[PDB]
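# Topology and contacts: notes
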Amino acid sequence: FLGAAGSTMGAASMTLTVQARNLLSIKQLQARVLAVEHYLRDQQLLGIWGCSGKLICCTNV
Amino acid sequence: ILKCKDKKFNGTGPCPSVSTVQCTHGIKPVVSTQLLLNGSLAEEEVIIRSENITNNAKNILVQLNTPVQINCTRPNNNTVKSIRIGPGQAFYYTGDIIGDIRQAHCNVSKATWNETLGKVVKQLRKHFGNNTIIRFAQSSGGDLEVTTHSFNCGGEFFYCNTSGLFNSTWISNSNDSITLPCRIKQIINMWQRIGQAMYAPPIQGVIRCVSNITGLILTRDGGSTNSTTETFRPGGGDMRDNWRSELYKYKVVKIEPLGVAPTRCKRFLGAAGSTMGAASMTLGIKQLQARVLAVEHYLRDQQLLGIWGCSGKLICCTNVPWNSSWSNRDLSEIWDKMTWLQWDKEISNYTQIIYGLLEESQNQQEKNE
Amino acid sequence: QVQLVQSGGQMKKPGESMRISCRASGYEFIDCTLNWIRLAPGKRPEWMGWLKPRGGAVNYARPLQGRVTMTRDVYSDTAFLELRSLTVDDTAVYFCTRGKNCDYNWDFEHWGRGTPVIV
Amino acid sequence: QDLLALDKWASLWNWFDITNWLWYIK
Amino acid sequence: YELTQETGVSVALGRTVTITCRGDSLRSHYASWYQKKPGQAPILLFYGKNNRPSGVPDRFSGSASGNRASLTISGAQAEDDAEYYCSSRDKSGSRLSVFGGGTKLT
Amino acid sequence: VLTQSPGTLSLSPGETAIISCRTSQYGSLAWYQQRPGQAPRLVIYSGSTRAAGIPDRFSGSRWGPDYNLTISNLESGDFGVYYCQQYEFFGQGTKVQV
Amino acid sequence: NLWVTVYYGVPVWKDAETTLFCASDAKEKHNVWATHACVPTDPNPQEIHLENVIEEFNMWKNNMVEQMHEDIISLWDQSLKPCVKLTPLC
Amino acid sequence: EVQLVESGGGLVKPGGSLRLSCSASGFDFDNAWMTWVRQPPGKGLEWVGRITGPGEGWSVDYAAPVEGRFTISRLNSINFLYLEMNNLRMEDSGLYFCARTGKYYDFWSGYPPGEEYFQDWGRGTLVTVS
Ligand SMILES: *[C@@H]1O[C@H](CO)[C@@H](O[C@@H]2O[C@H](CO)[C@@H](O[C@@H]3O[C@H](CO)[C@@H](O)[C@H](O[C@H]4O[C@H](CO)[C@@H](O)[C@H](O)[C@@H]4O)[C@@H]3O)[C@H](O)[C@H]2NC(C)=O)[C@H](O)[C@H]1NC(C)=O
Ligand SMILES: *[C@@H]1O[C@H](CO)[C@@H](O[C@@H]2O[C@H](CO)[C@@H](O[C@@H]3O[C@H](CO)[C@@H](O)[C@H](O)[C@@H]3O)[C@H](O)[C@H]2NC(C)=O)[C@H](O)[C@H]1NC(C)=O
Ligand SMILES: *[C@@H]1O[C@H](CO)[C@@H](O)[C@H](O)[C@H]1NC(C)=O
Ligand SMILES: *[C@@H]1O[C@H](CO)[C@@H](O)[C@H](O)[C@H]1NC(C)=O
Ligand SMILES: *[C@@H]1O[C@H](CO)[C@@H](O)[C@H](O)[C@H]1NC(C)=O
Ligand SMILES: *[C@@H]1O[C@H](CO)[C@@H](O)[C@H](O)[C@H]1NC(C)=O
Ligand SMILES: *[C@@H]1O[C@H](CO)[C@@H](O)[C@H](O)[C@H]1NC(C)=O
Ligand SMILES: *[C@@H]1O[C@H](CO)[C@@H](O)[C@H](O)[C@H]1NC(C)=O
């Protein structure tokens, strides 16, 4: 999951998946709907920037 | 919700005639103990259901293909009076009786009930020997909810003896009414719980009902080997046994739309019974938890489609080759002879392996490099 | 923890009646079936009947119908067996038993201490 | 944009037109 | 049919005899002829007007007599005799390779 | 409906005891042991599965309607009275002695 | 030779236990068995008959009955909650 | 060994529809194009239609009675030739055959589109309307 967090970049890029898979993995309803809201906000923000995949986009900024 | 439409289905085992729905039919929560009232009737003949018909502890559920009408009344012309017992509270109680007191009772047509018992005996003789004498007797014991047919009628709660309905022996080869005495109880404890009860207020006037007996609950005595006769007594058992007579058709199924298959490209629930390939081209608070779960499940599938490099829908080719060890029929048969369910069974134990290989380990080679 | 504390041990004459008790503990008494078993030396163990609380439904063995009664107190969690008419043949030790997993009643994992009755 | 264009090797494309000037030129 | 045919012929168990099938479009196109014993998979006796595919009976012979595609069967085998079929384009220039039915070799 | 092997079976400690119970009816079959002066215990359940706390020495089953219980390496705690239950029934009851 | 292909929408179902919502017809909101909160029902339910397929049912072990029993008890208690207590009647 | 196992179709009212599949394994499905033909039981083979080569148009040509009735498709990924037959009449029946069409042409006697041949067929699949 958070393994390679203290590792250098590039080597840790191969672990990007283990971060995206584990997002979204009455109190329980509140917590899970909050997680859904965060994940969906993140995906909307990624889509606005021109992305659709969970891997790297490199753009023109 | 899958439902078995096989007319002779007896509760367990394969069902060749399956349909799918989103909602069950209207089920009346009818509360009754020995005889199941209203509900739904069998289509062809009387159906006997038991988890193990030879087991003496499991209740036998009988479903009738025809109703037996059961009228019931509370003769008493009962006038209710109410008093105030506190701020904003009123206690309702029987004021008095005008006419003769009389007794509550039920009527079951004698010839119809005898014919129904004949049908039940005919069915029971299939599960047991064909030379066995089938004896119907009254309930052997228990509290008033079990020993007596307990039900609701017009707001009152009737408890009827039913010793006149199950009083017979059946050897292996008009217009009269069987009158069942019935008592009325105002202090009620349904779904018997330690420390809870209800006071059912009396209903003014005379009460009558008309209802269909559509099922029975029976229990065998057993314990003897040489007797040659089987005694079937009514028994209330548990209240769940009522709704087992109504939800016997239905089974809830989770939908798992995702699948993987071998193919030569490298980048509704209909037709479930149709083989693959043909199917490919052919294709209050409870409600809130319920909708939320679906949303999560939806995103879960999309999340998988996110990491597999398939942002599209329906079909996508991927760059992981098919290992021969993953149950290989060579692709001529799997897509012709085998259904999706069977294929899923074939690779269920291996599924996490392909999910592992289709993970972004492949898409790091394909999208980052 | 499942413990059936059985109580009795009364010497009786022929023709009289007997009653013994079995208090349940550990498990919820209401949602699990009880059975009554008799063991006599040199004889088959005879199953006498079963009692389901939550309704107190009873099934008596066919040889003993009319002579055996089983009732219960839900609030004391105590099943009661009674025999109306004993004989010399009723000499036996009586056991109050419970299924190993009530879903299936006929696995008598739990037994009482045993109540000898001599006639 | 199904498998169409996924495997694109066509030098003898439009055979029902390759016929139309196979021997007509002759 | 457009590729008109013969109902059938008879056999002598050792004959070298022809069976025919008419239809103008064949004068413009090539010819196709098949063998189909009932209850079995049909085979192709001739691939093209002047050529036959591998595995064809060696005794089989004959190519064509114009729009009356005719071919000869030699060394008449009783089991083999079965029935045979005809086909070619229905209109000159069209792609509809009509199946012009067949002949009872009998 | 249920029958058993001879009830006077006598073995010293250490040998293998074979107890045969024949059953006429279908159903899950359990094996019970009764010590002297104590209540019976469930030894085998569902034909072949041992109860919790029972050593591995108690085992055995048979597909057909002739179940066999094998008791290898008897200790002093064994040598009780053995019964074979099928639903309500228990059979004659066979004693194991020295 | 062969490549893994991902098909979404495959007709593969696995058994399960989940939550289910009441759906009545129209409804005097004085019925003990009415929560006055069940979505309207479908006038034309989408009952889809399947092709040839055998499904192993077991009415004795499904969770629809347990869930219905729990729902019925909860609904009855909910109905009885705002009513007279009859403590001084003993 | 080009096995052509075609399995589909059955009893149906005069008006209706159905869906026949023709598997194929042991050759190059990806470019070689295929045909369907019908043989009504009291009749000989009659030509139905044929998908065109992928890259040769990828289109279909129906037959004189069948035009507007049937439809042909191929999923080359799974080597399957599907035929949807809809808006049925009563003469529609028989052991419907699926075969692998070929392309044949030569000079001298050249004429477009030339001719094709049905080498490797399937076993057969009965369809009968009532
Ligand atoms: C099995 O189904 C049958 C058929 O539906 C069912 O019998 C029906 O019972 C109801 C409830 O008692 C009856 O409806 C009553 O009928 C009379 C008509 O005059 C009225 O007295 C009643 O209205 C009074 O009570 C209402 C409260 O329930 C008040 O809102 C109202 O103001 C009145 O005070 C009430 O409408 C119905 O008539 C019968 N059906 C027949 C054909 O007789 C039976 O009860 C079901 N089985 C079981 C076990 O419940
Ligand atoms: C009553 O309970 C029993 C046991 O729980 C149910 O299953 C029965 O189990 C026995 C084995 O204990 C099956 O025996 C089988 O018989 C044949 C012999 O040729 C063979 O197929 C197997 O090797 C096996 O020995 C028995 O068949 C099986 N009963 C059924 C009907 O399948 C039993 O079903 C329950 N009784 C009912 C539902 O009536
Ligand atoms: C009734 O249950 C038995 C097993 O007890 C099963 O074999 C049988 O198929 C069931 N009947 C039907 C019609 O499915
Ligand atoms: C019930 O009463 C109706 C009239 O209300 C009558 O027609 C019917 O016969 C009665 N049923 C029986 C079983 O007597
Ligand atoms: C019921 O019918 C049986 C024959 O099926 C007959 O012997 C019996 O006497 C009848 N009983 C009554 C009470 O009419
Ligand atoms: C039903 O009537 C019989 C008549 O013998 C009687 O013994 C029995 O106690 C009655 N049932 C109840 C619950 O009182
Ligand atoms: C009960 O008796 C009263 C006496 O006034 C009468 O008005 C009323 O109609 C009676 N009720 C019934 C249901 O017969
Ligand atoms: C009893 O069943 C019949 C036949 O299905 C039905 O017409 C009738 O309405 C039912 N009676 C009641 C009171 O619901």
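Residues numbered from 1 in each chain as written, not as in the entry; some residues may be left out. Chains lettered and ligands numbered in written order. Part of a larger assembly, values for the part shown. Heavy atoms only, no water.

Judging from the entry metadata, cryo-EM is the method by which this structure was determined, and 3.50 Å is the reported resolution.

## Notes on the overall build of chain B
To keep it simple, the criterion reads: Numbered from the N terminus, helices here are DSSP runs of H or I no shorter than four residues, and strands are runs of E no shorter than two. Only C-alpha atoms enter the radius of gyration, while the globule expectation follows 2.2 Å times N to the 0.38, with N the number of residues. For each residue, the accessible area found with a 1.4 Å probe, counting protein chains only, is set against the maximum for its type, and the residue is called buried under 20%, exposed over 50%, and partly exposed in between. All accessible areas in this document rest on Shrake-Rupley with a 1.4 Å probe, and a residue is counted as covered only by the protein chains that are shown.
The helix and strand tally for chain B stands at 9 helices and 22 strands. Against the compact-globule benchmark of 21 Å for 369 residues, chain B has a radius of gyration of 29 Å, which places it well outside the compact range. If you line up chain B on its principal axes, its C-alpha atoms span 95 × 70 × 35 Å. Taken over 369 residues, chain B has a buried fraction of 52%. Within the structure as shown, chain B displays about 16,600 Å² of accessible surface, and the carbon and sulfur contribution to it stands at 50%.

## Considerations on the site of ligand 6
Residue and element names in this part refer to chain B. The test is simple: The criterion for a residue being near a molecule or strand is simple. One of its heavy atoms has to lie within 4 Å of it. Identification of polar contacts relies on pairs of N or O atoms within 3.5 Å, with a donor-acceptor requirement for protein atoms, meaning one able to donate a hydrogen and the other able to accept it, and with residues adjacent in sequence counted only if both atoms are side-chain atoms. Three residue categories are used. Nonpolar comprises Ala, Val, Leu, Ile, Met, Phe, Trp, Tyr, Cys and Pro, charged comprises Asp, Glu, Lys and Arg, and polar comprises the others, including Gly.
Residues in close proximity to ligand 6 include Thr148, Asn161, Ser163 and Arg183, which together make up its full environment. Take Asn161: an N or O atom from its side chain is 2.3 Å from an oxygen atom of ligand 6. Looking at the shell around ligand 6 residue by residue, the classes come out as no nonpolar, 3 polar and 1 charged.

## Side note on the packing of helix α2 (residues 27-48) of chain A against helix α5 (residues 285-307) of chain B
Just so we agree on the cut-off: For helices, the axis comes from a line fit to the C-alpha atoms of the stretch in contact; other axes are also lines fit to C-alpha atoms, and the angle between any two N-to-C directions lies between 0 and 180 degrees. Should the near helix be turned counterclockwise from the far one by less than a right angle, the crossing is left-handed, whereas a clockwise turn marks it as right-handed. Only heavy atoms matter for contacts: two residues are in contact if any of them lie within 4.5 Å across the pair.
At a minimum axis distance of 11 Å, the contact between α2 of chain A and α5 of chain B shows a crossing angle of 35°. Crossing handedness for the pair α2 of chain A and α5 of chain B: left-handed. Side by side, α2 of chain A and α5 of chain B meet where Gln28, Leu29, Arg32, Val33, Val36, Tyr39 and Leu40 of chain A of the first sit next to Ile285, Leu288, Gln289, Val292, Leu293, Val295, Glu296, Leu299 and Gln303 of chain B of the second. Tallied by class, residues from the contact of α2 of chain A with α5 of chain B come to 11 nonpolar, 3 polar and 2 charged.

## Remarks on a nonpolar patch on the surface
Counted only if it meets this: Each patch is assembled from residues with relative accessible area greater than 30% and no salt bridge, linking like charges that lie within 9 Å and nonpolar side chains (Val, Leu, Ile, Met, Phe, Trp, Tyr) that lie within 5 Å. Any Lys or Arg side-chain nitrogen found within 4 Å of a carboxyl oxygen on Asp or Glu counts as a salt bridge.
Side chains of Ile26 of chain A together with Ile285 and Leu288 of chain B sit close together on the surface and give an oily, nonpolar patch of about 300 Å² of accessible area. You can see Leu288 of chain B is positioned in helix α5.

## A few points about the pairing of strand β6 (residues 68-73) of chain C
Residue and element names in this part refer to chain C. Applicable threshold: DSSP calls a pair of strands paired once it identifies at least 2 bridges connecting them.
Burial of β6 is one-sided: the residues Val68, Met70 and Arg72 facing one way are buried, the residues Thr69, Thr71 and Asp73 facing the other way are not. Judged from the 6 bridges that link them, β6 and strand β7 (residues 78-83) form a sheet pairing that is antiparallel. Residue pairing across strands places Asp73 opposite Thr78, the latter belonging to β7. Connecting β6 to the antiparallel partner β7 that follows it, the hairpin turn spans 4 residues, and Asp77 within it adopts a positive phi of roughly 60°.

## Some points on the sheet that holds strand β7 (residues 58-59) of chain F
If you trace the 4 strands from one edge of the open sheet to the other, you get β1-β3-β8-β7 (chain F), paired in antiparallel fashion. At either margin of the open sheet sits one strand with a lone partner, and together these are β1 (2-4) and β7 of chain F.

## A closer look at the side chain of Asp143 of chain B
Position of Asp143 of chain B among the secondary structure elements: in the loop between β10 (133-136) and α2 (144-147). Those residues within four positions of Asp143 of chain B in sequence are excluded, and the remaining contacts are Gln192 of chain B together with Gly55, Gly56 and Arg72 of chain C.

## Focus on the pattern of salt bridges
On inspection of all chains with the given rule, the structure shows 44 salt bridges over all chains. Here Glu359 of chain B ties to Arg21 of chain A by a salt bridge, and the two come within 2.9 Å at their closest N and O atoms. Of the two residues, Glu359 of chain B sits in the loop between α8 (351-357) and α9 (360-368) while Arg21 of chain A sits in the loop between α1 (17-20) and α2, which places them in two different chains. Residue class for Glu359 of chain B comes out buried when judged on its relative accessible area of 14%.

## Looking at the state of the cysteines
When the sulfur atoms of two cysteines share a covalent bond, that bond is a disulfide. The cut-off we apply is this: When two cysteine sulfur atoms are found within 2.5 Å, that pair is recorded as a disulfide.
Here the structure, examined in full by the defined rule, presents 13 disulfides over all chains. There is a disulfide in this structure between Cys153 of chain B and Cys209 of chain B, and the S-S distance comes to 2.0 Å. Judged by the sign of its S-S torsion, about 115°, the cystine formed by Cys153 of chain B and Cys209 of chain B is right-handed. Between the sulfur atoms of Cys265 of chain B and its disulfide partner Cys317 of chain B the distance amounts to 2.0 Å. Its S-S torsion of approximately -95° makes the covalent link between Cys265 of chain B and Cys317 of chain B left-handed. Here the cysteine-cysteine linkages of chain B are recorded as 1-2, 3-4, 5-8, 6-7, 9-12, 10-11, numbering only bonded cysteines and doing so in sequence order. Left without a disulfide partner, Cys58 of chain A is nearest to the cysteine sulfur of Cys57 of chain A, which lies 8.0 Å away.

## Some remarks on the site of ligand 8
Residues and elements named next belong to chain B. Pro67, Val210 and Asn212 make up every residue found near ligand 8. The contact in question runs from an oxygen atom of ligand 8 to an N or O atom on the side chain of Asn212, over 2.3 Å. For ligand 8, the protein covers 36% of the area, taking 360 Å² as the surface of the free molecule.

## Description of the interface of chain G and chain B
Our working definition: Once two parts are joined, some of their accessible surface, as seen by a 1.4 Å probe, is lost; buried area is that loss totalled over both.
With 54 residues of chain G in contact, the opposing surface of chain B contributes 93 residues. Here chain G and chain B share an interface that buries about 7,700 Å² over both sides, 68% of which is from carbon and sulfur atoms. In terms of surface lost to chain B, no three residues of chain G exceed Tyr8, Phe57 and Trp60 of chain G, which account for 13% of the buried area on that side. Where chain G packs against chain B, one counts 8 salt bridges. Between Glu66 of chain G and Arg240 of chain B there is a salt bridge whose closest N-O contact spans 3.7 Å. The interface formed by chain G and chain B contains 28 residue pairs in polar contact. Only β1 (3-8), β2 (13-15), β3 (48-49), β4 (55-58) and α1 (63-80) of chain G provide two or more residues apiece to the side of chain G that touches chain B. The element that contributes the greatest number of residues to the side of chain G that touches chain B is α1 of chain G, accounting for 12 residues. The residue makeup of the side of chain G that touches chain B, split by class, is 33 nonpolar, 12 polar and 9 charged.

## Considerations on the environment of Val36 of chain A
Of note, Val36 of chain A is situated in helix α2. Spatially, the C-alpha atom of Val36 of chain A lies 29 Å from that of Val61 of chain A, the residues being 25 residues apart in sequence. Once residues within four sequence positions are removed from consideration, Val36 of chain A is found in contact with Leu24 of chain A together with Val295 and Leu299 of chain B.

## Examining α2 of chain A
Defined as follows: Every helix has an expected span of 1.5 Å times one less than the residues it contains. The directions considered for the arc run from the helix axis to the C-beta atoms.
Its 22 residues give α2 of chain A an end-to-end C-alpha distance of 32 Å, which sits within 8% of 32 Å, the value for a rise of 1.5 Å per residue. Within α2 of chain A the residues assigned to the buried category are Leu29, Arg32, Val36 and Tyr39 of chain A. The buried residues of α2 of chain A all sit within an arc of 105° when viewed along its axis, so they share a single face. Residues of α2 of chain A that are exposed and angled more than 90 degrees away from the buried face: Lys27, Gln30, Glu37 and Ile48 of chain A. In this fold, the buried residues of α2 of chain A make contact with α5 of chain B. Backbone geometry just after α2 of chain A places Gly50 of chain A at a positive phi near 105°.

## Quick notes on α1 of chain G
A rise of 1.5 Å per residue sets the reference length of α1 of chain G, with its 18 residues, at 26 Å; its end C-alpha atoms lie 26 Å apart and thus fit the reference within 8%. Of all the residues in α1 of chain G, the buried ones are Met64, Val65, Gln67, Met68, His69, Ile72, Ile73, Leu75 and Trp76 of chain G. Of the surrounding elements, those touching the buried residues of α1 of chain G are β16 (198-199), α3 (240-244), β19 (250-251) and α5 of chain B. For α1 of chain G, the N-terminal cap is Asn62 of chain G; the gap from its side-chain oxygen to the backbone nitrogen of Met64 of chain G is 3.5 Å.

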